[PDB]
Number of protein chains: 4
Amino acid sequence: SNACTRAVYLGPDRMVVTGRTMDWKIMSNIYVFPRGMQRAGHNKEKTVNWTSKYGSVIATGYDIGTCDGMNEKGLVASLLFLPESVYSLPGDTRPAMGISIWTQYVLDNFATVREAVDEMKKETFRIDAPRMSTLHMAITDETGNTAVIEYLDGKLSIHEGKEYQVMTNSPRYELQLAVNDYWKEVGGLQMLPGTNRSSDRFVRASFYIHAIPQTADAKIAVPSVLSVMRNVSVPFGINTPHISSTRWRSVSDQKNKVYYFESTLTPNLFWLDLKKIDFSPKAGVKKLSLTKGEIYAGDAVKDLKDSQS
Amino acid sequence: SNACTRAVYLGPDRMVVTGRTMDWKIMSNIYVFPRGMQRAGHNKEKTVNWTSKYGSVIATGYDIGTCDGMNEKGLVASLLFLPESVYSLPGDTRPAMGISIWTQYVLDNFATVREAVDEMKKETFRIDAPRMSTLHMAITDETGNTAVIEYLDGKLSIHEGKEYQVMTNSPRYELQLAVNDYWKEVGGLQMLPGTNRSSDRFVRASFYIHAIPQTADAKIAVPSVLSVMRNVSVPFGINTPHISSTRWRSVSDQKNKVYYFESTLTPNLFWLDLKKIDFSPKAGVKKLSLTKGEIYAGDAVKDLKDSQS
Amino acid sequence: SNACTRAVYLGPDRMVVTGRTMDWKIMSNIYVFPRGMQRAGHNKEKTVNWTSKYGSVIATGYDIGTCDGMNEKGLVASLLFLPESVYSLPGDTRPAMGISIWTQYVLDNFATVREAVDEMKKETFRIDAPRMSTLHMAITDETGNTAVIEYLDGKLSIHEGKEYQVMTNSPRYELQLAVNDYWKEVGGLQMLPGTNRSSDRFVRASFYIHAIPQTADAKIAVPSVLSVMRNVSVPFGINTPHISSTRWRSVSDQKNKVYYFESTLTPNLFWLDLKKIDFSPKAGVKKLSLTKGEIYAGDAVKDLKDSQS
Amino acid sequence: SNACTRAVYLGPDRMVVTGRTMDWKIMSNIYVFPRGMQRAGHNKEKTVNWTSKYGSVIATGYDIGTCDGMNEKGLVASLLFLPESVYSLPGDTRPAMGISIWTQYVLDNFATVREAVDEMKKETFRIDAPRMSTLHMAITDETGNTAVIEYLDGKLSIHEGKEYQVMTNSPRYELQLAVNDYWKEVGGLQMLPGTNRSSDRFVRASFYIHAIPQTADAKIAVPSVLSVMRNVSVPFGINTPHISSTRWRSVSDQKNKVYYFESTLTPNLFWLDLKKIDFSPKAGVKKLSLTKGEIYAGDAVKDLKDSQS
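Residues numbered from 1 in each chain as written, not as in the entry; some residues may be left out. Chains lettered and ligands numbered in written order. Heavy atoms only, no water.

- The deposited coordinates, according to the entry record, derive from X-ray crystallography at 2.269 Å resolution.

- Chain A goes by Choloylglycine hydrolase in the PDB entry, where it is assigned to Bacteroides thetaiotaomicron.
- According to the record, the entry carries the title "Crystal Structure of Choloylglycine Hydrolase from Bacteroides thetaiotaomicron VPI".

Quick look at the structure:
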């Protein structure tokens, strides 16, 4: 089973920091995409087209596409597993948006959760995912507003609000919140469920993200959000058969538009300060290779390589 | 309250790796001590003297002294809090060994848990700790044997064996094991206690340390043991008043005599390969300063500074 | 806070047995109502009227009215607390059905959950509850079908099916099921939540009701269902301030139309075999007084007193 | 596995009430033994002999002997399973006391826990239990003092004190207390372990026995202690293969020397008021048969039958 946790820290003075874990089995690489880029939602099906208003830094698995990123307006979008997802009922003839590019679409076109949601609520397109793939999304902007987007029984389901700070895997959000409610009756200092189960991670992330210091000093908030992410990670290679362990973590400082990243296998936290990056149309695509064991450190803009994408 | 966790990974082909967390409130610095060094157990009381047979790499708090280290025979000694500790009854007239130097004594004089224990069982000296300080020790050698040493009601208490892989804070070891036994009846895949409580950390460390992959590849075992340590860390600045959060982690590869170290505040894992270090009598004391926010990376022998100690 | 648990045992060969606890602070008495009785839903408001098709045995609190009973078709209806209940929005002009008589209405007019539900789905009337009162209902017939009826934000909410065997207090049913789902992932033999909390009782009742022997021998099923009810009772006078402890239990054998009853304060289980009771229109109302400490035993039809109601 | 729970309620004004559950698979019957009776500890081995100073009411299984009772000084003795029990090492040549009569010996000869313990501390005899049987005992007198007696690795182990109010099955008492300590850190209103496991029952009994009302009114204390016993009972026929479910409960009012008893299979609580019983030497042995499904109620002295024992 897969395991991913996402948690938004809401601090003082617009300090908004989003942490995310990726647990699989992932072949992740990082890409910088200048704005004004030209994209289509599908390669076979009838789609929708767009040219990207905002540049973005994103992470992508080989077979998953864009699954995490921040755009230059500091909007963060994250695609996490939700096995019961059902994107449409049989006979859906809308334009198709590939599950692998859905995240990019969001990061390319929206600066605000409010606009992301207003657009998605039109239901212009449907999400298309190949059979032999089931994911929900969480989006948060720099005001700290968040939307959780799920497809259940072919129907669109959205929760929007600052209070929706955590997301994990199953069950569907409405139910996940009830499980969290139950555990809050118990009290996080008395007992927390300590397992790698989707709902246990939700409860711990939700408890700790609200317990870390209310600070606006990124030197504190970032490593704090990171220690929460570490608490809800799945210890490495955990088999006890094929349990999904944490491979990487990311933390997006959405105030200062900085994107931190660490690998469970590689020693250090590195990052990409988006304020030091050229997102102008002609700047050209760049890439941080991670699949070759590369070991980055500190600011990694320097280590960006050019890519013909 | 304080919080520290320690866990020994026992792998194939003598792969022995010891992880340790330090949670406080710590002013830790790291020191390399050449062998043949000359030391006394106390500065006021009648003591015992020794000259160190083995060199060692150790970590020390300002007001605590040596609280963690590995010697060149790959023996690891760790001093963790145990609030109910009582070192002697009133009227104890033995030579006094300072609590702040007890760990060093062990690392200086022993290559094997077997010899450490045989010596301590003589009860030649008593442990002396100032009033306004309560600690137990765990020792493990490169054969993966471990001893847990506690003082309860002024009496020496030792558990020796490979199976004693985990240690935390209260209660006393015999009782800690019973709590762990209870939680194993429940099953770590079904439920784990997920709190920062001393016994919860014990149960999770004990479960995960046995669940990570049985490998002899340090490139795997080390980061694995580290992810266990991260699971039992206390998220940063956790207040919910004055709860003790993880400040640093250490991991001792006792097969390859390498000593890894990370700070919850500083980005990266660094280390000191003891095979690249001169422990010969005249080599002179060296130090890694950590109290000034220093940010180390990879091998940090290069960054060692000379120290007049 | 109040606490009530209800659980339906589904056995072989139409063995259907419903257990129910009543925890309060209750002044309960038991009444036998011949059929063809004439009733109105309210004493002040515009209501609906009916004459009862089926006789029934019911329990009633002084200030609550009919809160539990079985009718001669073996249909069982139970009113349990649900604090978030909201029966209508402001400006509701429908005929009003008193919360105190809602249960009786159900028992008087329906032999089958299917018909109860079909009628309620018309939403002809609204439920009226005085301010300074919040309850949901569960109904099950002799085929073992069950409906759970709740009013949330003034809207009617129903779950119908044999699988809906348990009901407790908050949260709303959809969410209660999610909490139960979570605890089933954990496994009832590994861990059960053991508290008097509404959701803990749900989880234990749900686990045990499915674990007791599949038998059609009432000599076994009844005492079994009773031992489940005893497991989810709240120990007496539990204060640790004003916690609601179990005062009585009831168990309805819906196959043999027998109604068992015990008081936490009084030694024995007694019952009323509905097959030995005259429900014909002229038979007249009868009553088992419980508020005077009466101690009944075995068959208590003999102890029935006449009542001018 | 077997399951038994025992819990002592300590109330105001010498109100001392001991509850006990019996879970097996039991063929229990109840016996009244006049004092001045003549008994030997074994039928084959070299034993010890005595003539009973106090009369007693006791319960006995077919193949277990005396496993629960109260004597006329209101002293209560209970034999519960402890699988790790080891009564002696090989080569023990002391007089042998049959495990089946050990309890009777205690009830026959002691009025006070203080004297029971002082005698047992001599270790005059050893406990003898046939191979193809492992039990610990708890004793409490009318001052509310209690002793827990266990044999571990052939050694006698005793805990004596008013605070030792609860006993269950494994692990050994010292360890059982640690598990209970852990769960008290968590808090019984926040979470209780709700399983039929030996330690879960200990924790719930220990929590609730201290939470029920502090009263000296037996009309309250007795049914209260009973509701605690019901909470830690094992629901009937629980299989989910061969799990041991509660068959009977007993409650000993040690202030008023009354002995209450109920069967999970039989409707009512009955009792034997020892103040209405003739324990004088010539009175003759009497018996309450329970193995034939007998259904008793209220005072059952009347139902006592004579027995040639």
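1. Remarks on the interface of chain A and chain B
Then step 1. Counting residues at the interface gives 39 residues for chain A and 39 residues for chain B.
Then step 2. Carbon and sulfur atoms make up 54% of the area that chain A and chain B hide from each other, which totals about 3200 Å².
Then step 3. Counting the contacts that link chain A with chain B gives zero salt bridges.
Then step 4. Counting across the chain A and chain B interface gives 10 residue pairs in polar contact.
Then step 5. Contributing elements (two or more residues each) for the side of chain A that touches chain B: α4 (198-209) and α5 (218-231) of chain A.
Then step 6. Looking at which element gives the most residues to the side of chain A that touches chain B, the answer is α5 of chain A, with six residues.
Then step 7. Taken together, the residues of the side of chain A that touches chain B sort by class into 18 nonpolar, 14 polar and seven charged. (Contact = heavy atoms within 4.5 Å. Buried area = accessible area lost by both parts, 1.4 Å probe. Salt bridge = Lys/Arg side-chain N within 4 Å of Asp/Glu carboxyl O. Polar contact = N/O pair within 3.5 Å; in protein donor to acceptor, adjacent residues only side chain to side chain. Helix = DSSP H or I, 4+ residues; strand = E, 2+ residues; numbered from the N terminus. Nonpolar A, V, L, I, M, F, W, Y, C, P; charged D, E, K, R; others polar.)

2. Here we look at the relation of the copies chain A and chain B
Then step 1. Mapping chain A onto chain B calls for a rotation angle of 180° and an axial translation of 0.0 Å; the resulting RMSD is 0.0 Å. Such values leave the two copies arranged in the relation of a two-fold axis.
Then step 2. Here 100% of the interface residues in chain A have copies in chain B that are interface residues too; the copies meet face to matching face. (Least-squares fit on C-alpha atoms.)

3. Observations regarding the sheet that holds strand β8 (residues 76-81) of chain B
Residues and elements named next belong to chain B.
Then step 1. The nine strands lie next to each other as β13-β12-β11-β8-β7-β6-β3-β18-β20, forming an open sheet whose pairing is antiparallel. Two strands lie at the open edges of the sheet, namely β13 (155-160) and β20 (305-306), each paired on one side alone.
Then step 2. Pairing between strand β6 (residues 56-61) and strand β7 (residues 65-71): six bridges, direction antiparallel. Within β7, the position partnered with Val-57 by the bridge is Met-70.
Then step 3. Contacting β3 (29-33), β6, β7, β8, β11 (135-140) and β12 (146-152), helix α1 (residues 102-109) runs over the sheet at an angle of about 15° to β7. (Pairing = 2+ DSSP bridges. Axes fitted to C-alpha atoms, helices over the stretch in contact; angles between N-to-C directions.)

4. Details of the interface of chain C and chain D
Then step 1. The partner chain D presents 39 residues to the 39 residues of chain C that form the contact.
Then step 2. Overall, the association of chain C and chain D removes approximately 3100 Å² of surface from exposure, summing both partners, and the carbon and sulfur fraction of that is 54%.
Then step 3. Contact with chain D buries surface across chain C, with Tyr-208, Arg-230 and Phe-236 of chain C losing the most and accounting together for 17% of the total.
Then step 4. The interface formed by chain C and chain D includes zero salt bridges.
Then step 5. Linking chain C with chain D are 10 residue pairs in polar contact, by the criterion used here.
Then step 6. Secondary-structure elements contributing two or more residues to the side of chain C that touches chain D are α4 (198-209) and α5 (218-231) of chain C.
Then step 7. With six residues, α5 of chain C is the single largest residue contributor to the side of chain C that touches chain D.
Then step 8. In terms of residue class, the side of chain C that touches chain D is built from 18 nonpolar, 14 polar and seven charged.

5. What about the packing of helix α3 (residues 173-186) of chain B against helix α3 (residues 173-186) of chain D?
The packing of two helices is summarised by the inter-axis angle and the distance between the axes.
Then step 1. Look at α3 of chain B against α3 of chain D: their axes get within 8 Å of each other, and the N-to-C directions meet at 70°. Judged by the angle between their axes, α3 of chain B and α3 of chain D are roughly perpendicular. Of α3 of chain D, the residues touching α3 of chain B (which contributes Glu-174, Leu-175, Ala-178, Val-179, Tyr-182 and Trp-183 of chain B) are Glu-174, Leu-175, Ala-178, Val-179, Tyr-182 and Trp-183 of chain D.
Then step 2. For the contact of α3 of chain B with α3 of chain D, the class distribution of residues is 10 nonpolar, no polar and two charged. (Parallel < 35°, antiparallel > 145°, perpendicular 65-115°, else oblique.)

6. A look at the environment of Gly-36 of chain B
Residues and elements named next belong to chain B.
Then step 1. Tracing the chain through its elements places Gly-36 in the loop between β3 and β4 (38-40).
Then step 2. For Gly-36, a relative accessible area of 43% gives the class partly exposed.
Then step 3. Expressed as a C-alpha distance, the spacing of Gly-36 and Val-117, which sit 81 residues apart in the sequence, is 22 Å.
Then step 4. Residues within four places of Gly-36 in sequence aside, it is in contact with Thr-51 and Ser-52. (Buried < 20%, exposed > 50% of the residue type's maximum accessible area, 1.4 Å probe, protein only.)

7. Thoughts on the pattern of salt bridges
Residues and elements named next belong to chain A.
Then step 1. Throughout the structure, instances matching the rule amount to 60 salt bridges over all chains.
Then step 2. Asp-273 is the salt-bridge partner of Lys-275, the closest N and O atoms lying 2.5 Å from each other.
Then step 3. Taking relative accessible area as the criterion, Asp-273 reaches 11% and is therefore assigned buried.
Then step 4. A salt bridge links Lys-276 to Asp-299, with the nearest nitrogen and oxygen atoms 3.2 Å apart. Of this pair, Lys-276 sits in the loop between β17 (269-273) and β18 (286-288) while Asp-299 sits in strand β19 (residues 298-299), placing them 23 residues apart in sequence.
Then step 5. Among the residues examined, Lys-276 registers a relative accessible area of 54% and is labelled exposed.
Then step 6. Each of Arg-114, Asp-118 and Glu-160 takes part in salt bridges that share partners, so that together they form one network.

8. What about the sheet that holds strand β20 (residues 305-306) of chain D?
All names here are of chain D.
Then step 1. On the basis of which strands lie adjacent, the open sheet formed by nine strands has the order β13-β12-β11-β8-β7-β6-β3-β18-β20 and antiparallel pairing. Every interior strand has two partners, whereas the edge strands, β13 (155-160) and β20, have only one.
Then step 2. Sheet analysis places strand β18 (residues 286-288) next to β20, joined by two bridges and oriented antiparallel. Bridge pairing in β20 links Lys-286 to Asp-306.
Then step 3. Lying on the sheet, helix α1 (residues 102-109) is in contact with β3 (29-33), β6 (56-61), β7 (65-71), β8 (76-81), β11 (135-140) and β12 (146-152); it crosses β7 at an angle near 15°.
Then step 4. Of the strands in this sheet, β11, β12 and β13 are in contact with helix α2 (residues 113-120), which crosses β13 at around 160°.

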